[PDB]
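A short worksheet on the structure shown next.
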Amino acid sequence: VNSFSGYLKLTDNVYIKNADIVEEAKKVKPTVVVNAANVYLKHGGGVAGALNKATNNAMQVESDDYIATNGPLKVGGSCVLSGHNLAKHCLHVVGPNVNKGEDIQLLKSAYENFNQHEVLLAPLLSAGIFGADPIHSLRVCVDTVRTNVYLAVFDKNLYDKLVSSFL
Ligand SMILES: OC[C@H](CN1CCCCC1)Nc1ncnc2[nH]ccc12
Ligand SMILES: [Cl-]
C-alpha cells in the first residue's frame, strides 16, 4: 500500500492520472520523482522547468555541479539526484527529443532506468515539448517498466485520449 490516490490501473504495475506532476510530488513526497531531463540537465521548460521552479532553482544548482563533475548524460540515460522539497530522490531521465532529431528507439532504453526503482512518480517520457507521440510513450512504458509507476498526465484531453485509446 502506498499514498498515491485517484489513479486508473492500466496493468499489474502501471497506473495513470490527470495531474500536475509538481503538485502531485508535493502532496505524496514519493521516494522517486522522474524528471524529463536533457543531457545537460538544463531545466528550462516542460516538466523539468516546472520541477526546477518548484525547488526555487535548487535542482538547477545541484545539476550544474553534477554536469561540471561528470559531463552530459547519454540520450536514454539517467542519474539520481536529490528530490529537494518534492521527493526523496529525483531520477533525471533523458528520453529522445524528436524536435532535435533523436532516435525514438532510445525511448525504451530511457524507460529501462525506471526498473532500478521499486516505485516512481513519473511523466510520459519524450511527450510534451520533446515531440514524441504520447500514445506511443505510454505503450513503451507499459511494455518496458516492470516496477510500480504512477504516471501523471498534465493535459486533460490527452489524458482522456490516452485512457480511451489504451489497449
Ligand atoms: O509528457 C510530459 C507532459 C507533456 N504534456 C504537457 C501538456 C500538453 C500535452 C503534453 N508534461 C507534463 N506532464 C506532467 N506534469 C507536468 N508538469 C509540467 C509539465 C508536465
Ligand atoms: Cl512538456
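Residues are named by chain letter and number: chains run A, B, ... in the order of the C-alpha cells, numbers start at 1 in each chain, and ligands are numbered from 1 in the order shown.
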Any idea what's packed within 9 Å of region 88-102 of chain A, counting only C-alpha atoms, ignoring anything in its chain fewer than 6 positions away? Could you give it as a CSV table (one decimal) with C-alpha atoms, in the first residue's frame?
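Listed below is the output, selection_9.csv:
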```csv
chain,number,residue,atom,x,y,z
A,29,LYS,CA,6.5,13.2,-1.4
A,30,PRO,CA,7.4,10.0,-3.2
A,31,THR,CA,10.7,8.1,-2.8
A,32,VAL,CA,11.4,8.9,-6.5
A,33,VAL,CA,10.0,11.6,-8.9
A,34,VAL,CA,11.2,11.3,-12.5
A,35,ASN,CA,12.3,14.4,-14.4
A,36,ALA,CA,12.0,14.6,-18.2
A,37,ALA,CA,15.6,15.8,-18.4
A,38,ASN,CA,18.0,16.6,-21.2
A,39,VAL,CA,21.7,15.6,-21.3
A,41,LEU,CA,20.4,18.9,-17.1
A,48,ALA,CA,11.9,19.9,-16.0
A,73,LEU,CA,24.2,12.3,-19.7
A,74,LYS,CA,23.5,10.0,-22.7
A,75,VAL,CA,20.2,10.1,-24.5
A,76,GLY,CA,18.4,7.1,-22.9
A,77,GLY,CA,20.4,7.5,-19.7
A,78,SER,CA,19.7,8.8,-16.2
A,79,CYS,CA,21.2,10.0,-13.0
A,80,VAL,CA,19.9,10.0,-9.4
A,81,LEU,CA,20.0,13.4,-7.7
A,82,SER,CA,18.2,15.0,-4.7
A,108,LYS,CA,12.8,2.0,-24.5
A,109,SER,CA,16.3,2.5,-23.1
A,110,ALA,CA,15.1,5.6,-21.2
A,111,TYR,CA,12.2,3.7,-19.6
A,113,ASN,CA,16.0,3.2,-16.0
A,114,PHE,CA,12.7,3.1,-14.1
A,120,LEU,CA,8.1,6.0,-9.1
A,125,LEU,CA,8.9,10.3,-21.5
A,126,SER,CA,9.5,12.1,-24.8
A,127,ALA,CA,6.0,13.6,-24.6
A,129,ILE,CA,7.8,19.5,-25.8
A,130,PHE,CA,10.1,16.5,-26.6
A,131,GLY,CA,7.8,15.9,-29.6
A,132,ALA,CA,7.0,12.2,-29.5
```
Those in region 17-136 of chain A with strand (DSSP E or B) from DSSP, as a list in words: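 Selecting the strand (DSSP E or B) positions of region 17-136 of chain A gives residues 17, 18, 32, 33, 34, 35, 36, 78, 79, 80, 81, 82, 89, 90, 91, 92, 93, 119, 120, 121 and 122 of chain A.
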Which residues sit within 9 Å of ligand 1, counting only C-alpha atoms and all ligand atoms, listed as a PDB file with N, CA and C atoms, in the first residue's frame?
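That gives us pocket_34.pdb:
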```pdb
ATOM      1  N   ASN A  18      -4.729  12.173 -14.471  1.00  0.00           N
ATOM      2  CA  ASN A  18      -4.607  13.544 -14.970  1.00  0.00           C
ATOM      3  C   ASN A  18      -4.160  14.410 -13.798  1.00  0.00           C
ATOM      4  N   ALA A  19      -2.914  14.874 -13.837  1.00  0.00           N
ATOM      5  CA  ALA A  19      -2.389  15.616 -12.704  1.00  0.00           C
ATOM      6  C   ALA A  19      -1.161  16.406 -13.120  1.00  0.00           C
ATOM      7  N   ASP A  20      -0.926  17.494 -12.392  1.00  0.00           N
ATOM      8  CA  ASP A  20       0.308  18.260 -12.484  1.00  0.00           C
ATOM      9  C   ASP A  20       1.353  17.582 -11.607  1.00  0.00           C
ATOM     10  N   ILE A  21       2.426  17.085 -12.230  1.00  0.00           N
ATOM     11  CA  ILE A  21       3.417  16.292 -11.503  1.00  0.00           C
ATOM     12  C   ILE A  21       4.038  17.090 -10.364  1.00  0.00           C
ATOM     13  N   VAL A  22       4.138  18.412 -10.520  1.00  0.00           N
ATOM     14  CA  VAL A  22       4.659  19.249  -9.442  1.00  0.00           C
ATOM     15  C   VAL A  22       3.757  19.159  -8.221  1.00  0.00           C
ATOM     16  N   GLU A  23       2.454  19.362  -8.426  1.00  0.00           N
ATOM     17  CA  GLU A  23       1.516  19.316  -7.311  1.00  0.00           C
ATOM     18  C   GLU A  23       1.394  17.909  -6.746  1.00  0.00           C
ATOM     19  N   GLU A  24       1.469  16.891  -7.605  1.00  0.00           N
ATOM     20  CA  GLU A  24       1.430  15.515  -7.121  1.00  0.00           C
ATOM     21  C   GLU A  24       2.616  15.224  -6.210  1.00  0.00           C
ATOM     22  N   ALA A  36      11.807  14.694 -16.709  1.00  0.00           N
ATOM     23  CA  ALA A  36      12.025  14.645 -18.153  1.00  0.00           C
ATOM     24  C   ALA A  36      13.204  15.559 -18.483  1.00  0.00           C
ATOM     25  N   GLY A  45      12.169  24.186 -19.401  1.00  0.00           N
ATOM     26  CA  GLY A  45      10.763  24.161 -19.750  1.00  0.00           C
ATOM     27  C   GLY A  45      10.198  22.766 -19.586  1.00  0.00           C
ATOM     28  N   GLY A  46       8.915  22.628 -19.908  1.00  0.00           N
ATOM     29  CA  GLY A  46       8.267  21.345 -19.736  1.00  0.00           C
ATOM     30  C   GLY A  46       8.269  20.921 -18.281  1.00  0.00           C
ATOM     31  N   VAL A  47       8.212  19.602 -18.072  1.00  0.00           N
ATOM     32  CA  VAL A  47       8.267  19.054 -16.719  1.00  0.00           C
ATOM     33  C   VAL A  47       9.497  19.556 -15.976  1.00  0.00           C
ATOM     34  N   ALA A  48      10.650  19.573 -16.649  1.00  0.00           N
ATOM     35  CA  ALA A  48      11.899  19.928 -15.979  1.00  0.00           C
ATOM     36  C   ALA A  48      11.862  21.362 -15.470  1.00  0.00           C
ATOM     37  N   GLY A  49      11.425  22.292 -16.316  1.00  0.00           N
ATOM     38  CA  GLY A  49      11.330  23.670 -15.877  1.00  0.00           C
ATOM     39  C   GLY A  49      10.381  23.831 -14.705  1.00  0.00           C
ATOM     40  N   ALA A  50       9.276  23.083 -14.718  1.00  0.00           N
ATOM     41  CA  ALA A  50       8.287  23.176 -13.651  1.00  0.00           C
ATOM     42  C   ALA A  50       8.815  22.581 -12.347  1.00  0.00           C
ATOM     43  N   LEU A  51       9.430  21.397 -12.411  1.00  0.00           N
ATOM     44  CA  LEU A  51      10.011  20.818 -11.202  1.00  0.00           C
ATOM     45  C   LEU A  51      11.099  21.717 -10.639  1.00  0.00           C
ATOM     46  N   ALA A 122       6.036   9.651 -12.265  1.00  0.00           N
ATOM     47  CA  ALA A 122       6.742   9.968 -13.499  1.00  0.00           C
ATOM     48  C   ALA A 122       5.817  10.619 -14.517  1.00  0.00           C
ATOM     49  N   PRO A 123       6.383  11.380 -15.452  1.00  0.00           N
ATOM     50  CA  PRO A 123       5.681  11.787 -16.668  1.00  0.00           C
ATOM     51  C   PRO A 123       5.923  10.773 -17.782  1.00  0.00           C
ATOM     52  N   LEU A 124       5.169  10.942 -18.866  1.00  0.00           N
ATOM     53  CA  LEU A 124       5.419  10.185 -20.085  1.00  0.00           C
ATOM     54  C   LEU A 124       6.657  10.726 -20.788  1.00  0.00           C
ATOM     55  N   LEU A 125       7.664   9.876 -20.930  1.00  0.00           N
ATOM     56  CA  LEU A 125       8.931  10.301 -21.499  1.00  0.00           C
ATOM     57  C   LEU A 125       8.767  10.632 -22.973  1.00  0.00           C
ATOM     58  N   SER A 126       9.496  11.652 -23.403  1.00  0.00           N
ATOM     59  CA  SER A 126       9.527  12.142 -24.770  1.00  0.00           C
ATOM     60  C   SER A 126       8.211  12.772 -25.219  1.00  0.00           C
ATOM     61  N   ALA A 127       7.230  12.911 -24.322  1.00  0.00           N
ATOM     62  CA  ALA A 127       5.972  13.574 -24.635  1.00  0.00           C
ATOM     63  C   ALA A 127       6.124  15.086 -24.459  1.00  0.00           C
ATOM     64  N   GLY A 128       5.020  15.805 -24.632  1.00  0.00           N
ATOM     65  CA  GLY A 128       5.077  17.250 -24.493  1.00  0.00           C
ATOM     66  C   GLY A 128       6.070  17.848 -25.468  1.00  0.00           C
ATOM     67  N   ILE A 129       6.904  18.765 -24.962  1.00  0.00           N
ATOM     68  CA  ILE A 129       7.826  19.515 -25.812  1.00  0.00           C
ATOM     69  C   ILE A 129       8.950  18.664 -26.385  1.00  0.00           C
ATOM     70  N   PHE A 130       9.102  17.408 -25.941  1.00  0.00           N
ATOM     71  CA  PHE A 130      10.062  16.501 -26.565  1.00  0.00           C
ATOM     72  C   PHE A 130       9.550  15.909 -27.879  1.00  0.00           C
ATOM     73  N   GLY A 131       8.280  16.117 -28.221  1.00  0.00           N
ATOM     74  CA  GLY A 131       7.809  15.909 -29.577  1.00  0.00           C
ATOM     75  C   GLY A 131       7.444  14.497 -29.991  1.00  0.00           C
ATOM     76  N   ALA A 132       7.451  13.519 -29.087  1.00  0.00           N
ATOM     77  CA  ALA A 132       7.041  12.174 -29.466  1.00  0.00           C
ATOM     78  C   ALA A 132       5.533  11.994 -29.287  1.00  0.00           C
ATOM     79  N   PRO A 134       2.506  10.682 -27.518  1.00  0.00           N
ATOM     80  CA  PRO A 134       2.289  10.192 -26.144  1.00  0.00           C
ATOM     81  C   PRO A 134       1.645   8.820 -26.072  1.00  0.00           C
ATOM     82  N   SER A 137       4.493   6.680 -26.227  1.00  0.00           N
ATOM     83  CA  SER A 137       5.256   6.692 -24.986  1.00  0.00           C
ATOM     84  C   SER A 137       4.600   5.831 -23.914  1.00  0.00           C
ATOM     85  N   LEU A 151       1.930   7.401 -13.362  1.00  0.00           N
ATOM     86  CA  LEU A 151       2.100   8.353 -14.453  1.00  0.00           C
ATOM     87  C   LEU A 151       1.160   9.533 -14.261  1.00  0.00           C
ATOM     88  N   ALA A 152       1.732  10.729 -14.230  1.00  0.00           N
ATOM     89  CA  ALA A 152       0.979  11.970 -14.147  1.00  0.00           C
ATOM     90  C   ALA A 152       0.946  12.606 -15.528  1.00  0.00           C
ATOM     91  N   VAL A 153      -0.292  12.828 -15.978  1.00  0.00           N
ATOM     92  CA  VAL A 153      -0.501  13.419 -17.294  1.00  0.00           C
ATOM     93  C   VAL A 153      -1.045  14.828 -17.084  1.00  0.00           C
ATOM     94  N   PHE A 154      -0.327  15.832 -17.603  1.00  0.00           N
ATOM     95  CA  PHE A 154      -0.682  17.230 -17.343  1.00  0.00           C
ATOM     96  C   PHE A 154      -1.988  17.625 -18.027  1.00  0.00           C
ATOM     97  N   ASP A 155      -2.167  17.234 -19.285  1.00  0.00           N
ATOM     98  CA  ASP A 155      -3.262  17.733 -20.108  1.00  0.00           C
ATOM     99  C   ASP A 155      -4.457  16.787 -20.064  1.00  0.00           C
ATOM    100  N   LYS A 156      -5.649  17.362 -19.883  1.00  0.00           N
ATOM    101  CA  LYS A 156      -6.851  16.562 -19.655  1.00  0.00           C
ATOM    102  C   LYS A 156      -7.296  15.846 -20.928  1.00  0.00           C
ATOM    103  N   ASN A 157      -7.346  16.563 -22.051  1.00  0.00           N
ATOM    104  CA  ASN A 157      -7.733  15.927 -23.306  1.00  0.00           C
ATOM    105  C   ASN A 157      -6.800  14.767 -23.632  1.00  0.00           C
ATOM    106  N   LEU A 158      -5.505  14.942 -23.378  1.00  0.00           N
ATOM    107  CA  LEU A 158      -4.553  13.867 -23.617  1.00  0.00           C
ATOM    108  C   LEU A 158      -4.816  12.693 -22.682  1.00  0.00           C
ATOM    109  N   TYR A 159      -5.041  13.128 -21.398  1.00  0.00           N
ATOM    110  CA  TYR A 159      -5.310  12.009 -20.502  1.00  0.00           C
ATOM    111  C   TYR A 159      -6.490  11.180 -20.992  1.00  0.00           C
TER     112      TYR A 159
END
```
All alpha helix (DSSP H) residues (DSSP, backbone) inside region 97-155 of chain A, as a list in words: residues 106, 107, 108, 109, 110, 111, 112, 134, 135, 136, 137, 138, 139, 140, 141, 142, 143 and 144 of chain A
Residue nearest ligand 2 - candidates A:145, A:161, A:70, A:44, atoms counted: only C-alpha atoms and all ligand atoms: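 Comparing A:145, A:161, A:70, A:44 against ligand 2, the winner is A:44.
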Between CA of residue 160 (chain A) and CA of residue 112 (chain A), distance in Å (one decimal):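 Straight-line distance from CA of residue 160 (chain A) to CA of residue 112 (chain A) works out to 25.7 Å.
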CA of residue 118 (chain A) to CA of residue 5 (chain A), straight-line distance in Å: 17.6 Å
Test item: residues at most 9 Å from residue 142 (chain A), only C-alpha atoms, excluding those fewer than 6 positions along its chain, as a ChimeraX atom specification: /A:10-11,13-14
Would you write out those residues with N, CA and C atoms, as a JSON list (two decimals), in the first residue's frame?
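File written: result07.json
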```json
[["chain", "number", "residue", "atom", "x", "y", "z"],
["A", 10, "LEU", "N", -3.79, 0.58, -15.23],
["A", 10, "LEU", "CA", -3.74, 0.10, -16.61],
["A", 10, "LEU", "C", -3.28, -1.35, -16.71],
["A", 11, "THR", "N", -2.29, -1.74, -15.92],
["A", 11, "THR", "CA", -1.74, -3.09, -15.92],
["A", 11, "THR", "C", -1.39, -3.46, -14.48],
["A", 13, "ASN", "N", 1.23, -3.11, -12.99],
["A", 13, "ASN", "CA", 2.21, -2.21, -12.38],
["A", 13, "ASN", "C", 2.16, -0.76, -12.84],
["A", 14, "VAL", "N", 1.34, -0.43, -13.84],
["A", 14, "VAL", "CA", 1.27, 0.90, -14.43],
["A", 14, "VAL", "C", -0.08, 1.52, -14.11]]
```
Counting only C-alpha atoms and all ligand atoms, the residue of A:9, A:26, A:17, A:43 that sits nearest ligand 2: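 Result for the nearest residue to ligand 2: A:43.
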